[PDB]
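Working notes for the structure below.
Number of protein chains: 2
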Amino acid sequence: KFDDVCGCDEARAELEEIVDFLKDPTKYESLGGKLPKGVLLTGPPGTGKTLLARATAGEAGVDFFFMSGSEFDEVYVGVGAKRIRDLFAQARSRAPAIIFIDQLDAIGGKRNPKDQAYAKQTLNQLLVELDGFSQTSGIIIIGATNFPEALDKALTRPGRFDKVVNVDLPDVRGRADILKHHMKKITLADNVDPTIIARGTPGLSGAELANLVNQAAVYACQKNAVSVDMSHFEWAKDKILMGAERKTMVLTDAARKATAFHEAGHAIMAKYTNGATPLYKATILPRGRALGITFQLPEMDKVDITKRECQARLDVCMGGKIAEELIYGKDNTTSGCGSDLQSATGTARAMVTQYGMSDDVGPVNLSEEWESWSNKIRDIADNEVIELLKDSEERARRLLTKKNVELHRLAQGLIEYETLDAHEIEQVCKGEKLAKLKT
Amino acid sequence: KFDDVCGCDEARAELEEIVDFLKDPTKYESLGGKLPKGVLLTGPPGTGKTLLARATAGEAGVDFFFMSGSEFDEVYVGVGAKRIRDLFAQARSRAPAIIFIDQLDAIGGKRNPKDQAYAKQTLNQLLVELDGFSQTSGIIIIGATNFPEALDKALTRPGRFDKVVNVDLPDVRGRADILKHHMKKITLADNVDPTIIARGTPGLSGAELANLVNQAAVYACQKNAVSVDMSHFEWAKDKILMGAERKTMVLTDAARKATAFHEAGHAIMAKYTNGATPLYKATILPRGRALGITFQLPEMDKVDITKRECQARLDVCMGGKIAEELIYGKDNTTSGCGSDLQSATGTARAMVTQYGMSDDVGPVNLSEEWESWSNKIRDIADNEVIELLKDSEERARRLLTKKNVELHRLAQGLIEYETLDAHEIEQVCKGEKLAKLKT
Ligand SMILES: Nc1ncnc2c1ncn2[C@@H]1O[C@H](COP(=O)(O)OP(=O)(O)OP(=O)(O)O)[C@@H](O)[C@H]1O
Ligand SMILES: Nc1ncnc2c1ncn2[C@@H]1O[C@H](COP(=O)(O)OP(=O)(O)OP(=O)(O)O)[C@@H](O)[C@H]1O
Ligand SMILES: [Mg+2]
Ligand SMILES: [Mg+2]
Ligand SMILES: [Zn+2]
Ligand SMILES: [Zn+2]
């Protein structure tokens, strides 16, 4: 049912006019309008594309044929074309039907006159079937895909795929709508306000919210409880944003002290730098595949990114290296740092090539066809990148030398306790002990 | 039939005169002429090729066998050639007939030394059947392909496919004729002038104008209207040129302020810049996947582009980031500007590599085989491009320095009054008040 697709109102509409166009044509086809020959659905993974298609097949009332985009090419030459001829043959052999081909990437790759062969023999047959010499009517076709630009230009033409519909990640309102829908059919308690969960999950799809509610319910029943409450939703939310924790893996005191100084370094570097994102939990329990992680959670779920925020992030990604390099001396820096060091490099490149934030290079886009530029401009670009990185390192140590006391105090805070909230990090920096258990 | 194909009157003339040959040969077989042995049809997607094939099949008054390039080549070896032999056996058997192999991209592939010994058997049979040893007369063949150069050289050889006919995207008058044709099924109002819309859609094929009319009609019938009128055509044309409207979005006032300053920058750089394309409406309502777009629009749809107009395009691309720099200081530049830069760089390269508009590079075409020139001239070229872009952005920055008052005036005129129009933009840039409510 179309009510099961909460959020993405435009896409649900733009299939819903097709459905109610089928149910009573004369309310729409009076002035000469007629059925659209095809809807395309594009967007990231896990947003509601296949869901919307299953809802259209549920509320339409006409015969609905579905196939993946990979059930065509078995191992000979000309087997896919035969299966499209028989697919549309069965399709037009009855009333106005709908034909949902899912994963349209697998037969939608654009044909390029360099090696075109038996490979593109299925696509040409689909093209001749959608809009060919013999004009049939009544057949609608719906196809989904993660990759709109890989598709041919002869598929995305009007007359074959009349309208294009993009289903992407929801915002806070639609997000709270999705949670309100999945908080049904679970024995909630009071205390549960889905707007609160929606404010704290920037950048989650529908599949991840629904998974949140599900494993929160299972965790509720496994504690022998009676109703689901904000502690459970908070737990599962942490299991999605950070990773499953592990209260095992016995390890020495020198190691856990070292990690305490590493994550202490990221935290202090991220809490006193103008432009950094707001802070979140900062543990040393090995959760996920990492040995402790300082997570940051935005609130206004931005789409763009300024320059000060890029430099602030670029400084957060080195507080561990500079931290343990200021405590344990220089010849004792380990090799774990390199991992997060990796990510810093990526940011710096986007600041120079794509986004255009270096005055020495210019306001030019060296990003795509990086291999077409000469060697001088790439020398200047890469030199600019490295200058950004080491400048950020210098800022980081200049700051961690004047915040030494908060560094040690917070290190002991992470070594006595295992985790810390945000304001718990603040008070542990100030020095007032927290109301909880020293593990 | 041939009156249904509005625009591309040359191809229409060729096929009209072929069918006119099949009507009364004596007007043409006096001086000894004989029919063309073949007509090929090339052009981009959606420009009316299969349509002309339908017209000639409908009016030729003789048999008309049609197939696709993919209805050959099933599992076993030598079945495609077999089907071609039987196709021309039926063709010879029936009458003076016509044969339409739609989508010749499949079987008309280029021959090369590295084909796997069985790919080009169908093609070779098609060649020994068209102008082989046992010559005959009475069979005409028509073919359609998007990729004329991707065809073998023995299919295009006169004797086989005498006439190479070139369907192409219409000009202004052609679009007027297409719209006037397709509006004959729409219950129209009296405020409809297709010349306006034809002047509004510079670059659309015939199919896109078709479903433009269709969606305008269907939208007219959603609003409980009585006749499709000009505002509806405006709605649908805007939908196709920019995308859906996406009414339901939560927008912090700082966000939509910053956006209004970005498109304010583009609009001013396109307003007072010599040679820039005349300005159409500039909105900040979140259309499609962009958060606001200023949309320029030409007048006389020329194909050439002078050097003045090119530099105008570069400046129009730099105006946005220059706006954010002038208002929010330099550190507060976002990453949305990347989508601007990526376009401008493109134009810059066309000014230097292929259009021949530089002084140090020369009057030479460095475009084709870019990877084959030396490393010195590519250094010179890329230095030239970088200089073009830098000079562009500095011109933009002092232009927006002189027009600061109008910049704030139009930014505030966009935070209020969503989606101004060009005339309305000029009224806002002086201080008038618009004859319409605020949102
Ligand atoms: N708007 C929504 N309302 C309710 N549930 C949603 C919504 N959007 C997504 N979901 C959840 O997402 C799941 C289906 O995801 P979907 O199949 O749409 O992803 P997808 O677009 O197919 O991704 P991929 O193309 O990578 O498979 C459902 O189980 C559903 O619970
Ligand atoms: N010149 C025209 N006059 C009227 N209608 C047109 C014209 N050109 C295209 N159309 C519309 O386009 C449709 C068919 O387009 P056509 O099949 O010619 O594209 P095509 O040449 O096959 O492109 P492709 O080969 O990429 O599919 C028709 O249904 C018709 O409504
Ligand atoms: Mg799916
Ligand atoms: Mg065609
Ligand atoms: Zn780290
Ligand atoms: Zn822009």
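Going down the list, the protein sequences come from chains D and C. Quick note, the first sequence lines up with residues 279 to 717 if you use PDB author numbering. Quick note, the second sequence lines up with residues 279 to 717 if you use PDB author numbering. Heads up, the beta-carbon is just placed ideally off N, CA and C, and yes, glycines get one too.
Within the same chain, show all residues whose beta-carbon is closer than 8 Å to that of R687 (chain D), passing over the 5 residues directly before and after it, in chain order.
One-based indexing of the first sequence puts residue 687 (chain D) at position 409. Closer than 8 Å at Cβ, skipping near neighbours: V706, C707 and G709.
Run the proximity test for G311 (chain D): is its beta-carbon closer than 8 Å to any non-hydrogen atom belonging to ligand 6?
Counting from 1 along the first sequence, the entry for residue 311 (chain D) is found at position 33. False, no ligand heavy atom lies under 8 Å from that Cβ.
Compute every distance between the C-beta of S617 (chain D) and the non-hydrogen atoms of ligand 5, then say whether any falls below 8 Å.
Position 339 of the first sequence, counted from the start, is the residue given in the question as residue 617 (chain D). Yes - ligand 5 has a heavy atom lying nearer than 8 Å to the Cβ of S617 (chain D).
What three-state label does DSSP hand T623 (chain C) in the structure shown?
By 1-based counting over the second sequence, the position of residue 623 (chain C) is 345. In this structure, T623 (chain C) counts as helix in the three-state DSSP scheme.
Of all the CB atoms in chain D, is at least one closer than 9 Å to the CB of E512 (chain C)?
Looking up residue 512 (chain C) in the second sequence gives position 234. Taking Cβ atoms only, chain D never reaches closer than 9 Å to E512 (chain C), which makes this a no.
Given a threshold of 16 other Cβ atoms within 10 Å of its Cβ, counted over all protein chains shown, does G481 (chain C) qualify as buried or as exposed?
Against the second sequence, residue 481 (chain C) aligns to sequence position 203. The residue is exposed, with fewer than 16 neighbouring Cβ atoms inside 10 Å.
Is the shortest distance between the beta-carbon of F425 (chain C) and the beta-carbons of chain D less than 9 Å?
Taking the second sequence and counting its residues from 1, the one referred to as residue 425 (chain C) is at position 147. Yes, its Cβ sits closer than 9 Å to a Cβ of chain D.
Roughly how many whole angstroms lie between the Cα atoms of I419 (chain C) and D383 (chain C)?
Within the second sequence, the letter at position 141 stands for residue 419 (chain C). Within the second sequence, the letter at position 105 stands for residue 383 (chain C). Rounded to whole angstroms, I419 (chain C) to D383 (chain C) spans 15 Å at the Cα level.
Determine the burial state of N653 (chain C): buried for a count of at least 16 other Cβ atoms within 10 Å of its Cβ, exposed for fewer.
Taking the first residue of the second sequence as position 1, residue 653 (chain C) is located at position 375. Classification of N653 (chain C): exposed, given that the 10 Å Cβ count is below 16.
For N643 (chain D), count the other beta carbons within 10 Å of its own beta carbon; 16 or more makes it buried, fewer makes it exposed. Which is it?
To locate residue 643 (chain D), count along the first sequence from 1; it is residue 365. Classification for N643 (chain D): buried.
Could you give the distance in angstroms between the alpha-carbon of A674 (chain D) and the alpha-carbon of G543 (chain D)?
The sequence position of residue 674 (chain D) within the first sequence is 396, counting from 1. The sequence position of residue 543 (chain D) within the first sequence is 265, counting from 1. When rounded, the distance between both Cα atoms is 10 Å.
Between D593 (chain C) and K580 (chain C), what straight-line distance do the alpha-carbon atoms span, to the nearest angstrom?
Reading the second sequence from its first residue, position 315 is the one you call residue 593 (chain C). Reading the second sequence from its first residue, position 302 is the one you call residue 580 (chain C). Taking the straight line joining both Cα atoms gives about 21 Å.
Residues with a Cβ closer than 6 Å to any heavy atom of ligand 4, in chain order?
Checking every Cβ against the heavy atoms of ligand 4 under 6 Å gives C:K327, C:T328, C:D380 and C:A422.
Quick one: which chain D residues come within Cβ less than 7 Å of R656 (chain C)?
Taking the first residue of the second sequence as 1, we reach residue 656 (chain C) at position 378. Correct list: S652.
Helix, strand or coil for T537 (chain D), going by three-state DSSP, please let me know.
Residue numbering aside, residue 537 (chain D) sits at position 259 when the first sequence is read from its first letter. Residue state, collapsed to three classes: helix.
For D282 (chain C), would you say it is in contact with chain D, using Cβ-to-Cβ distances shorter than 9 Å as the test?
Here residue 282 (chain C) is taken as the residue at index 4 of the second sequence, counted from 1. Judged by the 9 Å Cβ criterion, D282 (chain C) is not in contact with chain D.
Is the separation between the beta-carbon of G421 (chain D) and that of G316 (chain D) shorter than 9 Å?
Numbered from its first residue, the first sequence carries residue 421 (chain D) at position 143. Numbered from its first residue, the first sequence carries residue 316 (chain D) at position 38. It is a contact, given that the beta carbons lie within the stated cut-off.
Once you ignore the five residues that flank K398 (chain D) on each side, which residues in its own chain have a CB closer than 6 Å to its CB?
In the first sequence, residue 398 (chain D) corresponds to position 120, counting from 1. Contacts found: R389.
Any C-beta of chain D sitting closer than 9 Å to the C-beta of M547 (chain C)?
The sequence position of residue 547 (chain C) within the second sequence is 269, counting from 1. It does not; no Cβ of chain D falls within 9 Å.
For the alpha helix (DSSP H) containing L604 (chain C), list its first residue and its last residue.
Start at 1 with the first residue of the second sequence, and residue 604 (chain C) comes out as number 326. Where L604 (chain C) is concerned, the enclosing alpha helix (DSSP H) stretches over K585 to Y606.
Kindly examine ligand 5 and report whether one of its heavy atoms sits closer than 8 Å to the Cβ of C588 (chain D).
Against the first sequence, residue 588 (chain D) aligns to sequence position 310. Checking the Cβ of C588 (chain D) against ligand 5 gives no.
Quick one: measure Cβ to Cβ for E672 (chain D) and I546 (chain D), integer angstroms, because I've assumed they're closer than 8 Å.
Within the first sequence, residue 672 (chain D) is the residue found at index 394, counting from 1. Within the first sequence, residue 546 (chain D) is the residue found at index 268, counting from 1. Contact flag wrong, Cβ pair sits at about 17 Å.
How about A560 (chain C) and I571 (chain C): do their beta carbons lie closer than 9 Å?
As a first step, residue 560 (chain C) must be located in the second sequence, where it is residue number 282. As a first step, residue 571 (chain C) must be located in the second sequence, where it is residue number 293. Their beta carbons are under 9 Å apart, which means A560 (chain C) touches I571 (chain C) by this criterion.
What's the call for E352 (chain D), buried or exposed, on a 16-neighbour Cβ count within 10 Å?
Residue numbering aside, residue 352 (chain D) sits at position 74 when the first sequence is read from its first letter. Result: exposed.
By Cβ distance below 8 Å, which residues in the same chain neighbour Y550 (chain C) in space, the five residues on each side in sequence not counted?
Here the question's residue 550 (chain C) lines up with position 272 in the second sequence. Result list for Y550 (chain C): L677 and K681, in chain order.
According to DSSP, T423 (chain D) sits in a beta bridge with which residue or residues?
Residue numbering aside, residue 423 (chain D) sits at position 145 when the first sequence is read from its first letter. DSSP, once it has assigned bridges, lists D:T320 as partnering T423 (chain D).
Does the beta carbon of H510 (chain C) fall short of 8 Å from some heavy atom of ligand 5?
Taking the first residue of the second sequence as 1, we reach residue 510 (chain C) at position 232. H510 (chain C): no, Cβ never under 8 Å from ligand 5.
Since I385 (chain D) and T400 (chain D) are thought to touch, with beta carbons under 8 Å apart, how far apart are those beta carbons, to the nearest angstrom?
Residue mapping note: residue 385 (chain D) aligns to position 107 of the first sequence, counting from 1. Residue mapping note: residue 400 (chain D) aligns to position 122 of the first sequence, counting from 1. The Cβ separation is near 5 Å, so the contact holds.
Going by beta carbon distance, what residues of the same chain come within less than 7 Å of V340 (chain D), once the five residues before and after it are set aside?
The residue you call residue 340 (chain D) lines up with position 62 of the first sequence. Excluding sequence neighbours, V340 (chain D) sits near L300, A373, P374, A375 and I376.
What separation, rounded to the nearest whole angstrom, lies between the Cα atoms of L313 (chain C) and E307 (chain C)?
Translated into positions along the second sequence, residue 313 (chain C) becomes position 35. Translated into positions along the second sequence, residue 307 (chain C) becomes position 29. Distance between the alpha carbons of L313 (chain C) and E307 (chain C) is about 9 Å.
Within 10 Å of its beta-carbon, does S670 (chain D) have 16 or more other beta-carbons around it, so buried, or fewer, so exposed?
For this step, residue 670 (chain D) is matched to residue 392 along the first sequence. It counts as buried.
Note down the Cα distance separating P303 (chain C) from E292 (chain C), rounded to an integer number of angstroms.
Looking up residue 303 (chain C) in the second sequence gives position 25. Looking up residue 292 (chain C) in the second sequence gives position 14. Using only the alpha carbons, I get a separation of about 15 Å.
Between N469 (chain D) and chain C, is any beta-carbon pair separated by less than 9 Å?
Sequence index remark: in the first sequence, residue 469 (chain D) carries index 191 (1-based). It does not; no Cβ of chain C falls within 9 Å.
Is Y497 (chain C) buried or exposed, if buried means 16 or more other CB atoms sit within 10 Å of its CB?
To locate residue 497 (chain C), count along the second sequence from 1; it is residue 219. It counts as buried.
Quick one: what does DSSP say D468 (chain D) is sitting in, helix, strand or coil?
Translated into the one-based positions of the first sequence, residue 468 (chain D) becomes position 190. Reduced to three states, the DSSP call for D468 (chain D) is coil.
By DSSP's criteria, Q574 (chain C) is part of a beta bridge. Which residues make up the other side?
Taking the second sequence and counting its residues from 1, the one referred to as residue 574 (chain C) is at position 296. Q574 (chain C) pairs with C:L557.
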